[PDB]
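Okay, structure first, notes after.
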2 protein chains.
Amino acid sequence: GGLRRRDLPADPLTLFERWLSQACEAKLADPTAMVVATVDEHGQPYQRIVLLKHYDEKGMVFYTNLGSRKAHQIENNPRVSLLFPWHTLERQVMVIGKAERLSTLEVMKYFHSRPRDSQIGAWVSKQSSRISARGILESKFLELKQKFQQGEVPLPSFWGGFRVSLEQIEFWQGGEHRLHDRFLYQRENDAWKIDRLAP
Amino acid sequence: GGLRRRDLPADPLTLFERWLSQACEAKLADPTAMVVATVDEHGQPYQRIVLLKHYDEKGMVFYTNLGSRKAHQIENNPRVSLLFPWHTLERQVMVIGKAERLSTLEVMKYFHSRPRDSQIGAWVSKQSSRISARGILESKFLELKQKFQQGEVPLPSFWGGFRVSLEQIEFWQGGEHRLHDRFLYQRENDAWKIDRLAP
Ligand SMILES: Cc1cc2nc3c(=O)[nH]c(=O)nc-3n(C[C@H](O)[C@H](O)[C@H](O)COP(=O)(O)O)c2cc1C
Ligand SMILES: Cc1cc2nc3c(=O)[nH]c(=O)nc-3n(C[C@H](O)[C@H](O)[C@H](O)COP(=O)(O)O)c2cc1C
Ligand SMILES: Cc1ncc(COP(=O)(O)O)c(C=O)c1O
Ligand SMILES: Cc1ncc(COP(=O)(O)O)c(C=O)c1O
Ligand SMILES: Cc1ncc(COP(=O)(O)O)c(C=O)c1O
Ligand SMILES: Cc1ncc(COP(=O)(O)O)c(C=O)c1O
């Protein structure tokens, strides 16, 4: 029926949870996939998709290789943007915030909590660096695949994650004649200020 | 079967055209939808989806309201990033370049080349500005819908477009064990330098 201000929950995460739930329900591919935009030292933005793994009032979490380009960029400029490309459901969610590193305890908890082959793969790829051949990846995977073979894959020191704070959350939902519904939740004084934005 | 360097075309657009074609062929929702990231004066990146409307060696084109936030941001920092979220087909394409304004001739040509109701809608929405109620949009739409009623909708002076140059184009294609194929085409000396990147 549309998106009216009077139906908006006070906490934007309530609305986000609802939309995420419906995305899963609709079997959209990678419902947790979001595009993370970061900015390099020259003011050049860069983008790549990562998976949302957890969220709460403190922010949205994703894991990545600490030697990657996104990691280097975040270290020089912590300001990031997240966008959930749910246009198949005529929706978009955009989050603006600062990326902060997760602690070792959190990373360990998640790391050992995933496909064994994925843990090994984390060791293999020096994410974002130029490599001369795909073969390097496959060779290392096999080599490590049996080096760790009898125990449990160790957490690589170069693997970690970030939590993006919720400074702003924007919801977009398709609208007739190109007049879409847009609401911007803006964190202010321990509260959320809501404004409709022209499409 | 995978993505090997030996099968890469010299011109990245050849590969892009192929992937775009297959995306349409697969009936993915909004095959031309791409996430455009821009950066504000504080170094804060922002994102939103727009539709690719044309592309060639000079770059990728999209249209938008010239009073919008993305437009203001581009005017302060022309460096943008484009990402085609084709993860349903285990693919991503990322473009890095500078956004340049399109001329009036180009904009007029495209503008009058689209749904009449969309032309009218372009007049209605002061894109990105805070509005107090959805009603403002609907009222104006009706008002203009009959003001232009007998002729052809005029091109709003505040409507335009941008062409993003091709400085870098990155292709990503899903790979077993989390070891994906990544190739970065980098424009150099009137030519393209190709490097595989660790996933
Ligand atoms: C559906 C999907 C999910 C992904 N999830 C992650 C993730 O959670 N963490 C990660 O580091 N890379 C992930 N990637 C790979 C990234 O898009 C990117 O290639 C990689 O992180 C390197 O980006 P960077 O060079 O900008 O640092 C994913 C790709 C797709 C298509
Ligand atoms: C599938 C899809 C296609 C869209 N295409 C465009 C477009 O071509 N031009 C445009 O201005 N906005 C488009 N939008 C709306 C934008 O995402 C965004 O709301 C708007 O441009 C304002 O962004 P801004 O406030 O950052 O300037 C589209 C949204 C979706 C979901
Ligand atoms: C898998 C992997 N990731 C990341 C890194 C390294 O980060 P850095 O760029 O400091 O070498 C390495 C480094 O040797 C590595 O093997
Ligand atoms: C605000 C806006 N402008 C333009 C477009 C698409 O371009 P066009 O209407 O010229 O096909 C969209 C598509 O969703 C849009 O939301
Ligand atoms: C539909 C629309 N778009 C854009 C603009 C304006 O751009 P500006 O922020 O300079 O007022 C207007 C301004 O009155 C408008 O009506
Ligand atoms: C490089 C990389 N790391 C992590 C993930 C997903 O997180 P996880 O493997 O812990 O489920 C992906 C998913 O595509 C990925 O490509």
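By order of appearance in the structure tokens: chains A, B, ..., then residues from 1 within every chain, and ligands from 1 in the order shown.
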| said: as an MDAnalysis selection string, could you give me every residue of chain B near chain A (at most 6 Å apart, counting only C-alpha atoms)? | reply: chainID B and resid 29 44:46 79:81 88 125:131 196:199
Transformed chain B, reference chain A, in-order C-alpha pairing, as a PDB file with C-alpha atoms, in the first residue's frame:
```pdb
ATOM      1  CA  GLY B   1       0.000   0.000   0.000  1.00  0.00           C
ATOM      2  CA  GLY B   2       3.032   2.286   0.287  1.00  0.00           C
ATOM      3  CA  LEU B   3       5.244   3.706   3.031  1.00  0.00           C
ATOM      4  CA  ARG B   4       3.659   6.404   5.220  1.00  0.00           C
ATOM      5  CA  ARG B   5       5.410   8.208   8.050  1.00  0.00           C
ATOM      6  CA  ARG B   6       2.698   7.218  10.544  1.00  0.00           C
ATOM      7  CA  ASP B   7       3.630   3.542  10.126  1.00  0.00           C
ATOM      8  CA  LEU B   8       7.381   3.949  10.752  1.00  0.00           C
ATOM      9  CA  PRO B   9       8.817   2.303  13.892  1.00  0.00           C
ATOM     10  CA  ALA B  10      10.793   4.514  16.284  1.00  0.00           C
ATOM     11  CA  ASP B  11      13.865   2.251  15.919  1.00  0.00           C
ATOM     12  CA  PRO B  12      15.021   1.939  12.291  1.00  0.00           C
ATOM     13  CA  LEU B  13      16.321  -1.564  13.036  1.00  0.00           C
ATOM     14  CA  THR B  14      12.754  -2.701  13.582  1.00  0.00           C
ATOM     15  CA  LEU B  15      12.014  -1.706   9.991  1.00  0.00           C
ATOM     16  CA  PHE B  16      15.292  -3.157   8.796  1.00  0.00           C
ATOM     17  CA  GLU B  17      14.584  -6.492  10.510  1.00  0.00           C
ATOM     18  CA  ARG B  18      11.183  -6.609   8.921  1.00  0.00           C
ATOM     19  CA  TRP B  19      12.534  -5.913   5.429  1.00  0.00           C
ATOM     20  CA  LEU B  20      15.384  -8.394   5.905  1.00  0.00           C
ATOM     21  CA  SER B  21      12.952 -11.031   7.058  1.00  0.00           C
ATOM     22  CA  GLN B  22      10.784 -10.510   3.970  1.00  0.00           C
ATOM     23  CA  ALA B  23      13.867 -10.619   1.728  1.00  0.00           C
ATOM     24  CA  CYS B  24      14.792 -14.059   3.121  1.00  0.00           C
ATOM     25  CA  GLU B  25      11.154 -15.113   2.942  1.00  0.00           C
ATOM     26  CA  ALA B  26      11.162 -14.166  -0.763  1.00  0.00           C
ATOM     27  CA  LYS B  27      14.292 -16.253  -1.274  1.00  0.00           C
ATOM     28  CA  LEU B  28      16.259 -13.365  -2.760  1.00  0.00           C
ATOM     29  CA  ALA B  29      19.819 -14.352  -3.516  1.00  0.00           C
ATOM     30  CA  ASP B  30      22.194 -13.396  -0.696  1.00  0.00           C
ATOM     31  CA  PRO B  31      19.612 -11.456   1.432  1.00  0.00           C
ATOM     32  CA  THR B  32      22.466 -10.371   3.714  1.00  0.00           C
ATOM     33  CA  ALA B  33      24.653  -9.122   0.859  1.00  0.00           C
ATOM     34  CA  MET B  34      25.433  -5.401   1.068  1.00  0.00           C
ATOM     35  CA  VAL B  35      27.687  -3.086  -0.924  1.00  0.00           C
ATOM     36  CA  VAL B  36      30.306  -1.450   1.274  1.00  0.00           C
ATOM     37  CA  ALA B  37      31.768   1.767  -0.011  1.00  0.00           C
ATOM     38  CA  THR B  38      35.044   3.079   1.395  1.00  0.00           C
ATOM     39  CA  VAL B  39      37.273   5.981   0.271  1.00  0.00           C
ATOM     40  CA  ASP B  40      40.999   5.947  -0.458  1.00  0.00           C
ATOM     41  CA  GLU B  41      43.535   8.696   0.416  1.00  0.00           C
ATOM     42  CA  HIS B  42      42.882  10.516  -2.889  1.00  0.00           C
ATOM     43  CA  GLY B  43      39.142  10.874  -2.250  1.00  0.00           C
ATOM     44  CA  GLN B  44      38.344   8.006  -4.644  1.00  0.00           C
ATOM     45  CA  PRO B  45      35.458   5.815  -3.486  1.00  0.00           C
ATOM     46  CA  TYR B  46      35.695   2.009  -3.924  1.00  0.00           C
ATOM     47  CA  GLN B  47      32.985  -0.659  -3.612  1.00  0.00           C
ATOM     48  CA  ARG B  48      32.576  -4.391  -3.100  1.00  0.00           C
ATOM     49  CA  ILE B  49      29.926  -6.688  -1.717  1.00  0.00           C
ATOM     50  CA  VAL B  50      30.298  -8.294   1.730  1.00  0.00           C
ATOM     51  CA  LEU B  51      27.862 -10.281   3.898  1.00  0.00           C
ATOM     52  CA  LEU B  52      26.166  -8.754   6.920  1.00  0.00           C
ATOM     53  CA  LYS B  53      26.808 -11.248   9.738  1.00  0.00           C
ATOM     54  CA  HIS B  54      25.299  -9.483  12.726  1.00  0.00           C
ATOM     55  CA  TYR B  55      23.575  -6.255  13.685  1.00  0.00           C
ATOM     56  CA  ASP B  56      22.218  -4.429  16.714  1.00  0.00           C
ATOM     57  CA  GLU B  57      22.055  -0.824  17.934  1.00  0.00           C
ATOM     58  CA  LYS B  58      25.874  -0.704  18.041  1.00  0.00           C
ATOM     59  CA  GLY B  59      26.028  -1.289  14.281  1.00  0.00           C
ATOM     60  CA  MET B  60      26.414  -3.695  11.381  1.00  0.00           C
ATOM     61  CA  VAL B  61      29.142  -6.326  11.235  1.00  0.00           C
ATOM     62  CA  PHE B  62      31.069  -7.990   8.427  1.00  0.00           C
ATOM     63  CA  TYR B  63      34.382  -9.898   8.316  1.00  0.00           C
ATOM     64  CA  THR B  64      37.294  -9.506   5.920  1.00  0.00           C
ATOM     65  CA  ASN B  65      41.059  -9.912   5.407  1.00  0.00           C
ATOM     66  CA  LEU B  66      42.951  -7.228   7.343  1.00  0.00           C
ATOM     67  CA  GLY B  67      45.486  -6.788   4.529  1.00  0.00           C
ATOM     68  CA  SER B  68      42.765  -6.075   1.922  1.00  0.00           C
ATOM     69  CA  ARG B  69      42.200  -2.778   0.157  1.00  0.00           C
ATOM     70  CA  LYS B  70      38.991  -2.085   2.077  1.00  0.00           C
ATOM     71  CA  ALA B  71      40.889  -2.566   5.347  1.00  0.00           C
ATOM     72  CA  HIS B  72      43.708  -0.184   4.309  1.00  0.00           C
ATOM     73  CA  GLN B  73      41.136   2.368   3.191  1.00  0.00           C
ATOM     74  CA  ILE B  74      39.134   2.132   6.401  1.00  0.00           C
ATOM     75  CA  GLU B  75      42.352   2.668   8.417  1.00  0.00           C
ATOM     76  CA  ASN B  76      42.918   5.982   6.601  1.00  0.00           C
ATOM     77  CA  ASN B  77      39.211   7.001   6.591  1.00  0.00           C
ATOM     78  CA  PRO B  78      36.729   5.129   8.854  1.00  0.00           C
ATOM     79  CA  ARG B  79      33.665   6.649   7.172  1.00  0.00           C
ATOM     80  CA  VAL B  80      31.780   4.027   5.250  1.00  0.00           C
ATOM     81  CA  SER B  81      28.434   3.466   3.529  1.00  0.00           C
ATOM     82  CA  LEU B  82      26.450   0.225   3.227  1.00  0.00           C
ATOM     83  CA  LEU B  83      23.736  -0.407   0.701  1.00  0.00           C
ATOM     84  CA  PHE B  84      21.413  -3.397   0.568  1.00  0.00           C
ATOM     85  CA  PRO B  85      20.489  -3.824  -3.144  1.00  0.00           C
ATOM     86  CA  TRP B  86      16.976  -5.173  -2.676  1.00  0.00           C
ATOM     87  CA  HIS B  87      15.579  -3.587  -5.840  1.00  0.00           C
ATOM     88  CA  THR B  88      14.010  -6.919  -6.834  1.00  0.00           C
ATOM     89  CA  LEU B  89      11.636  -6.092  -3.970  1.00  0.00           C
ATOM     90  CA  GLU B  90      11.610  -2.415  -4.992  1.00  0.00           C
ATOM     91  CA  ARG B  91      13.632  -1.511  -1.892  1.00  0.00           C
ATOM     92  CA  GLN B  92      17.004  -0.098  -0.847  1.00  0.00           C
ATOM     93  CA  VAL B  93      18.484   0.413   2.619  1.00  0.00           C
ATOM     94  CA  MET B  94      21.558   2.632   3.015  1.00  0.00           C
ATOM     95  CA  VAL B  95      23.573   2.961   6.205  1.00  0.00           C
ATOM     96  CA  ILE B  96      26.106   5.682   6.974  1.00  0.00           C
ATOM     97  CA  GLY B  97      28.578   5.246   9.835  1.00  0.00           C
ATOM     98  CA  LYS B  98      32.167   4.719  11.073  1.00  0.00           C
ATOM     99  CA  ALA B  99      33.834   1.322  10.794  1.00  0.00           C
ATOM    100  CA  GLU B 100      35.531   0.101  13.968  1.00  0.00           C
ATOM    101  CA  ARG B 101      37.615  -3.055  14.322  1.00  0.00           C
ATOM    102  CA  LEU B 102      36.105  -6.030  16.144  1.00  0.00           C
ATOM    103  CA  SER B 103      38.054  -7.576  19.069  1.00  0.00           C
ATOM    104  CA  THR B 104      39.911 -10.904  18.898  1.00  0.00           C
ATOM    105  CA  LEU B 105      37.241 -12.605  21.047  1.00  0.00           C
ATOM    106  CA  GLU B 106      34.492 -11.692  18.600  1.00  0.00           C
ATOM    107  CA  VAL B 107      36.526 -12.682  15.529  1.00  0.00           C
ATOM    108  CA  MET B 108      37.560 -16.027  16.994  1.00  0.00           C
ATOM    109  CA  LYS B 109      33.987 -16.803  17.938  1.00  0.00           C
ATOM    110  CA  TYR B 110      32.797 -16.218  14.378  1.00  0.00           C
ATOM    111  CA  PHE B 111      35.788 -17.663  12.522  1.00  0.00           C
ATOM    112  CA  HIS B 112      35.679 -21.124  14.057  1.00  0.00           C
ATOM    113  CA  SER B 113      31.972 -20.873  13.382  1.00  0.00           C
ATOM    114  CA  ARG B 114      31.971 -21.607   9.659  1.00  0.00           C
ATOM    115  CA  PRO B 115      32.775 -24.219   6.959  1.00  0.00           C
ATOM    116  CA  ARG B 116      36.179 -25.794   7.566  1.00  0.00           C
ATOM    117  CA  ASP B 117      37.137 -25.295   3.919  1.00  0.00           C
ATOM    118  CA  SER B 118      36.327 -21.611   4.329  1.00  0.00           C
ATOM    119  CA  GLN B 119      38.614 -21.334   7.367  1.00  0.00           C
ATOM    120  CA  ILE B 120      41.426 -22.841   5.281  1.00  0.00           C
ATOM    121  CA  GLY B 121      40.606 -20.575   2.354  1.00  0.00           C
ATOM    122  CA  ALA B 122      41.026 -17.559   4.623  1.00  0.00           C
ATOM    123  CA  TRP B 123      44.672 -18.581   5.052  1.00  0.00           C
ATOM    124  CA  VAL B 124      45.213 -18.936   1.316  1.00  0.00           C
ATOM    125  CA  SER B 125      44.245 -15.595  -0.127  1.00  0.00           C
ATOM    126  CA  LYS B 126      46.262 -12.443   0.402  1.00  0.00           C
ATOM    127  CA  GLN B 127      43.077 -10.509  -0.449  1.00  0.00           C
ATOM    128  CA  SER B 128      43.378  -7.653  -2.965  1.00  0.00           C
ATOM    129  CA  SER B 129      47.046  -8.141  -3.788  1.00  0.00           C
ATOM    130  CA  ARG B 130      48.058  -8.828  -7.373  1.00  0.00           C
ATOM    131  CA  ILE B 131      48.853 -12.527  -7.905  1.00  0.00           C
ATOM    132  CA  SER B 132      50.373 -13.959 -11.059  1.00  0.00           C
ATOM    133  CA  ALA B 133      48.186 -17.028 -11.442  1.00  0.00           C
ATOM    134  CA  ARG B 134      45.111 -18.721 -10.019  1.00  0.00           C
ATOM    135  CA  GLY B 135      47.331 -21.771  -9.458  1.00  0.00           C
ATOM    136  CA  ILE B 136      48.988 -20.120  -6.473  1.00  0.00           C
ATOM    137  CA  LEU B 137      45.625 -20.170  -4.650  1.00  0.00           C
ATOM    138  CA  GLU B 138      44.818 -23.788  -5.438  1.00  0.00           C
ATOM    139  CA  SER B 139      48.325 -25.018  -4.517  1.00  0.00           C
ATOM    140  CA  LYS B 140      48.256 -23.314  -1.132  1.00  0.00           C
ATOM    141  CA  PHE B 141      44.729 -24.545  -0.419  1.00  0.00           C
ATOM    142  CA  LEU B 142      45.823 -28.147  -0.928  1.00  0.00           C
ATOM    143  CA  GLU B 143      49.020 -27.604   1.042  1.00  0.00           C
ATOM    144  CA  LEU B 144      47.181 -26.148   4.033  1.00  0.00           C
ATOM    145  CA  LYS B 145      44.217 -28.506   3.620  1.00  0.00           C
ATOM    146  CA  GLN B 146      46.421 -31.275   4.978  1.00  0.00           C
ATOM    147  CA  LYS B 147      48.763 -29.225   7.175  1.00  0.00           C
ATOM    148  CA  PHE B 148      45.789 -28.463   9.474  1.00  0.00           C
ATOM    149  CA  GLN B 149      44.191 -31.797   8.561  1.00  0.00           C
ATOM    150  CA  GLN B 150      44.120 -33.268  12.081  1.00  0.00           C
ATOM    151  CA  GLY B 151      42.870 -30.684  14.575  1.00  0.00           C
ATOM    152  CA  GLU B 152      41.187 -27.357  13.915  1.00  0.00           C
ATOM    153  CA  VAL B 153      42.147 -24.522  11.593  1.00  0.00           C
ATOM    154  CA  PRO B 154      43.968 -21.703  13.445  1.00  0.00           C
ATOM    155  CA  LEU B 155      42.628 -18.141  13.232  1.00  0.00           C
ATOM    156  CA  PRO B 156      44.932 -16.233  10.847  1.00  0.00           C
ATOM    157  CA  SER B 157      46.385 -13.126  12.482  1.00  0.00           C
ATOM    158  CA  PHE B 158      45.460 -11.253   9.263  1.00  0.00           C
ATOM    159  CA  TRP B 159      41.752 -12.033   9.504  1.00  0.00           C
ATOM    160  CA  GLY B 160      39.247  -9.782  11.262  1.00  0.00           C
ATOM    161  CA  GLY B 161      36.109  -7.704  11.042  1.00  0.00           C
ATOM    162  CA  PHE B 162      34.452  -4.333  11.394  1.00  0.00           C
ATOM    163  CA  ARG B 163      31.326  -2.964  12.989  1.00  0.00           C
ATOM    164  CA  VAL B 164      29.793   0.001  11.194  1.00  0.00           C
ATOM    165  CA  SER B 165      28.001   2.441  13.499  1.00  0.00           C
ATOM    166  CA  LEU B 166      24.466   3.648  12.724  1.00  0.00           C
ATOM    167  CA  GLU B 167      24.720   7.396  12.175  1.00  0.00           C
ATOM    168  CA  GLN B 168      22.105   7.406   9.408  1.00  0.00           C
ATOM    169  CA  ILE B 169      19.807   4.805   7.912  1.00  0.00           C
ATOM    170  CA  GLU B 170      17.847   5.516   4.794  1.00  0.00           C
ATOM    171  CA  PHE B 171      14.917   3.418   3.558  1.00  0.00           C
ATOM    172  CA  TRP B 172      13.711   3.571  -0.041  1.00  0.00           C
ATOM    173  CA  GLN B 173      10.644   1.815  -1.446  1.00  0.00           C
ATOM    174  CA  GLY B 174       9.505   1.991  -5.063  1.00  0.00           C
ATOM    175  CA  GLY B 175       6.614   4.233  -5.932  1.00  0.00           C
ATOM    176  CA  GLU B 176       4.221   4.731  -8.827  1.00  0.00           C
ATOM    177  CA  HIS B 177       5.050   7.377 -11.455  1.00  0.00           C
ATOM    178  CA  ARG B 178       8.632   7.374 -10.148  1.00  0.00           C
ATOM    179  CA  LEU B 179       7.557   9.050  -6.888  1.00  0.00           C
ATOM    180  CA  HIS B 180       9.177   6.683  -4.411  1.00  0.00           C
ATOM    181  CA  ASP B 181       8.986   6.718  -0.632  1.00  0.00           C
ATOM    182  CA  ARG B 182      12.207   7.755   1.091  1.00  0.00           C
ATOM    183  CA  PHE B 183      12.792   8.162   4.825  1.00  0.00           C
ATOM    184  CA  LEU B 184      16.040   9.154   6.439  1.00  0.00           C
ATOM    185  CA  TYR B 185      16.582   8.199  10.112  1.00  0.00           C
ATOM    186  CA  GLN B 186      19.260  10.446  11.540  1.00  0.00           C
ATOM    187  CA  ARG B 187      20.856   9.699  14.878  1.00  0.00           C
ATOM    188  CA  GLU B 188      20.603  12.777  17.108  1.00  0.00           C
ATOM    189  CA  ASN B 189      20.817  13.295  20.876  1.00  0.00           C
ATOM    190  CA  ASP B 190      20.486   9.607  21.732  1.00  0.00           C
ATOM    191  CA  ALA B 191      17.440   9.496  19.450  1.00  0.00           C
ATOM    192  CA  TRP B 192      16.336   9.183  15.818  1.00  0.00           C
ATOM    193  CA  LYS B 193      15.080  12.101  13.739  1.00  0.00           C
ATOM    194  CA  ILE B 194      12.946  11.007  10.761  1.00  0.00           C
ATOM    195  CA  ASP B 195      12.489  13.022   7.537  1.00  0.00           C
ATOM    196  CA  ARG B 196      10.870  12.109   4.271  1.00  0.00           C
ATOM    197  CA  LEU B 197      13.143  12.873   1.281  1.00  0.00           C
ATOM    198  CA  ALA B 198      11.969  13.782  -2.226  1.00  0.00           C
ATOM    199  CA  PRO B 199      12.623  10.831  -4.652  1.00  0.00           C
TER     200      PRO B 199
END
```
| request: Go through region 38-121 of chain A and collect every residue that DSSP, computed from the backbone, puts in alpha helix (DSSP H); the answer should be as a VMD selection string. | output: chain A and resid 69 to 76 104 to 111 116 to 121
